[PDB]
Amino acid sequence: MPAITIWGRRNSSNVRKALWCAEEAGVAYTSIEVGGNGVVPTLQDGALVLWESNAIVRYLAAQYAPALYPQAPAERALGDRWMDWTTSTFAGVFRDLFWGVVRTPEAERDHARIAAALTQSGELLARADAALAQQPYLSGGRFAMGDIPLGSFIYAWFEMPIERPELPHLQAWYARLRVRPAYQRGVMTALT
């Protein structure tokens, strides 16, 4: 049994973050899920226990995948600002939309709240589309850990049966993310 364990459901965007990053590092790890652990993802590595997504991504990068963890604080800030932005500004907005269209059973849905989250999610993502029009990645010129938090959400953004606004840089960014095998293994899971 490996030293690293990741509790949590594989169809969670937060868990995709930890899984993808773990897959990006190459470490051996265990993924425990319940079918038919004090939080959405729980990362235990030795004595260390975390139940918070962007800190997990940030820890496994610094500890096992330093290419994803830029050494200069000023360079790190370019991508790190997008890690908190995903959590502070986009997640809650996007979580409602996703819950509306995939997880409430029938068309008995708050069609007004769903339509609201879609517009606001598009408005917010449009700001990330503008950043991706200046540099190829959220972390700068190369891919790094700053791309991982929104990258795990953007999978569900583009695969939901919703009417997306035209965000071409954001989509091209998503096209490059899918070339990464760790992304295919960590993020591109069944969109349940």
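Don't overthink the numbering: it's just position in the shown sequence, from 1.
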Quiz item: From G36 on to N37, does the model leave out none, 1 to 3, 4 to 9, or 10 or more residues of the deposited sequence?
Solution: 10 or more
Quiz item: Once you work out the mean C-alpha B-factor for both 38 to 46 and 152 to 160 from the entry, which is higher?
Solution: 38 to 46
Quiz item: Is the mean CA B factor in the deposited entry higher across 143 to 151 or across 62 to 70?
Solution: 62 to 70
Practice problem: Return the residue from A112, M83, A91, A77 that has the highest Cα B-factor in the entry. | Solution: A112
Exercise. Would you please rank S31 by its C-alpha temperature factor against the other modelled residues of its chain and give the third it falls in: lowest, middle or highest?
Key: middle
